[PDB]
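Below is one structure; the comments refer to it alone.
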Amino acid sequence: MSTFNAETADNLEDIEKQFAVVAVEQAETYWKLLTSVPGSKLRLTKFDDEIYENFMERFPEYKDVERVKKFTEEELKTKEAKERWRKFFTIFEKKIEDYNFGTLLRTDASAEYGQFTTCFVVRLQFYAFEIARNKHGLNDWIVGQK
């Protein structure tokens with residue numbers, strides 16, 4: 001009920017307002033953190049290890065180094081994948097509260113922070129690919145930047 005707390009949806013542009021600002025800052029924050037210290041000690045969540053494991057259990061297609069590094073927007077935008085991200089959410093709805101907090105994630109791990117080399121995602125999709133890339137060391141090169 002709009003009279004009570006939560007269920008608060010002002011408009012889609014309001015959703016995209018809070019989303020756009022948090023996403024762009026979250027990206028340059030991640031970048032800054034790695035250029036200082038290696039991504040290994042950086043915990044994405046207090047469930048990061050088991051999020052990685054459930055990602056390779058429910059998606060044994062992704063666990064390949066080449067399927068960990070990069071994705072395209074279109075292969076997420078298929079009905080099958082959208083549903084799969086909802087099933088993937090229903091696993092972590094018990095532990096990851098802010099699954100749809102809004103985050104900027106790069107399409108390819110070894111690609112920079114450019115329009116075509118990045119896509120807009122939720123926190124759940126971010127953590128999934130990010131923890132993966134971190135263990136696989138596909139985002140190692142940020143600690144080697146200047």
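The chains in the structure tokens are called A, B, ... from first to last as shown; in each chain the residues are counted from 1, and the ligands are counted from 1 in the order shown.
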### Task
List every residue of chain A that DSSP, applied to the backbone, labels as strand (DSSP E or B), and write the result as an MDAnalysis selection string.
chainID A and resid 70 103:106 108 118:121
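In this structure, CA of residue 115 (chain A) sits 21.7 Å away from CA of residue 82 (chain A).
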### Summary
If you count only C-alpha atoms, the residue of A:62, A:126, A:85, A:31 closest to residue 112 (chain A) turns out to be A:31
### Task
Might you pull out every residue within 8 Å of residue 139 (chain A), with only C-alpha atoms counted and same-chain residues fewer than 3 positions away left off, and present them as an NGL selection string?
:A and (39 or 109-110 or 133-134 or 142)
#### Entry: Of the listed residues A:33, A:11, A:21, A:76, that which approaches residue 101 (chain A) most closely, counting only C-alpha atoms
A:21
### Task
Can you work out the spacing between CA of residue 54 (chain A) and CA of residue 125 (chain A) in Å, to one decimal?
12.5 Å
Give me, as a compact mmCIF listing (two decimals) with C-alpha atoms, in the first residue's frame, all polymer residues having an atom no more than 7 Å from residue 131 (chain A), counting only C-alpha atoms and skipping those fewer than 6 positions away in the same chain.
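Saved file around_16.txt follows:
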# COMPACT_ATOMS: atom_id res chain seq x y z
CA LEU A 44 31.58 -8.60 -3.54
CA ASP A 48 30.47 -14.36 -2.89
CA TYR A 52 30.08 -18.28 -7.99
### Query
Taking the backbone alone, and naming residues the way the document does, which bits of chain A are helix (DSSP H, G or I) by DSSP, as an NGL selection string?
:A and (12-36 or 48-58 or 65-69 or 79-92 or 123-136 or 140-142)
### Query
Given the choices A:146, A:87, A:77, A:95, which gets closest to residue 121 (chain A) if the distance is worked out from only C-alpha atoms?
A:77
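For the pair CA of residue 63 (chain A) and CA of residue 102 (chain A), the interatomic distance is 24.2 Å.
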